[PDB]
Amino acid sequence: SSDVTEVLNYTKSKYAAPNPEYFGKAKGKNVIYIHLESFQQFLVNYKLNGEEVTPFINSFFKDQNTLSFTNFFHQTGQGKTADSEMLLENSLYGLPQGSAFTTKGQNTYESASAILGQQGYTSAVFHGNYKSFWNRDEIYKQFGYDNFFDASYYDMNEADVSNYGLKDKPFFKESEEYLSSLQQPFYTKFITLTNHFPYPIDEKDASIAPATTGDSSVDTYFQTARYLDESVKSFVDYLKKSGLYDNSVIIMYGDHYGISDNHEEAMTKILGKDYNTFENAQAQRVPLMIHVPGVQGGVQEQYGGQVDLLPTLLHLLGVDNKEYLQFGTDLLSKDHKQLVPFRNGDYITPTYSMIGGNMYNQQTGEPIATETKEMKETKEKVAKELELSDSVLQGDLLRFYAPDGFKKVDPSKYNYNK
């Protein structure tokens, strides 16, 4: 009520207006999210022993129609993969502890699948694991996802299944039948899973040798990244052959880090510089590559986070999001602020960053002993933003508010069983 009012006053004052060069430039197009599991931005153009680890994704990165972000950060917490989903579908953060998917599965949401539903978009999630995991079966219905093609829809023979479920290559290949019979325009997300810690892979599935740092999970990380790269290349081939490549916004993104801060000696070797607390913060960059048919792309260096993605996508589709309780801003807008909150209260700006609660020069990596007024102000803005987002989840505030003309999801109308 007055909680709803405080949040909307905050979000509306933050709102960044669309860029006229990009607004609606993909109106009516399909959306295909390619979820790169545990994939960090440092992998892009990375060479292991003279050899590109992820060559197809590198080519996608540089494609003429691709908007490619080099300073884009994950903003997840203990909810991990489920947190990135909360961020992408709602422009809401996960919780400061535990998993929002687990505990807020019966909250009211006004998510991307619902917003695009208003305009006749069909929606679907594809995932090679069972719908019970991370409580997806429950919360997707509140999101208004028309479909959830989970492991029940796939051939889970033991040759094709890993320890998290179906491997990416048979997953993408068996998804084609389902995607091709989905009514267009559609809104879809493909959640991959082979690239999970500690990154095991059979020798015969591996086309690249492990790194040689002596840290097992860092060394085989490159091998599962390469395998994921190859599976994604096959998927895009299908998309080109089926004609979906030309009528869809295809978005590759990473959900969270692959290597933790507990592998400093190995990551020192991998990145060629001392992997200290600052560098570890810098390693929280994940890819964001938005391929838009007919629009000139280019490298995007403006700082941003996963919270900013839904406002960015909606503006590309020609949909205005000003009245929605969403905490991110359009990444292509000139009014987008280059400020990236972490879930623990840390933050990244192009000049100064707070990392582990301490201040650093973002350009040089040098510690700054004392917070200035400006650093303190930014810190409190970040704490305020996270608190208001938490107030939406903890207060279940979307019960009490929807933008005018928005029609709400009836979650009882969805069933994902075969």
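Numbering starts at 1 and follows the sequence shown.
With 103-111 and 202-210 compared on mean CA B-factor from the PDB entry, the stretch scoring higher is 202-210. Higher average CA B factor: 171-179, of the stretches 171-179 and 137-145. If you compare the C-alpha temperature factors of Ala281, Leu313, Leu271, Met289 in the entry, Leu271 comes out highest. Listed residues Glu323, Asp308, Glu89, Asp219 were ranked by CA B-factor as deposited; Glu323 comes out on top. Per-chain ranking of the deposited C-alpha B factor places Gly258 in the lowest third.
Split the chain's modelled residues into thirds by C-alpha temperature factor. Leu193 is in the highest one. Per-chain ranking of the deposited C-alpha B factor places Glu158 in the highest third. In this PDB entry, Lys381 carries a Cα temperature factor that places it within the lowest third of its chain's modelled residues.
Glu37 sits in the lowest third of its chain by CA B factor, as recorded in the PDB entry.
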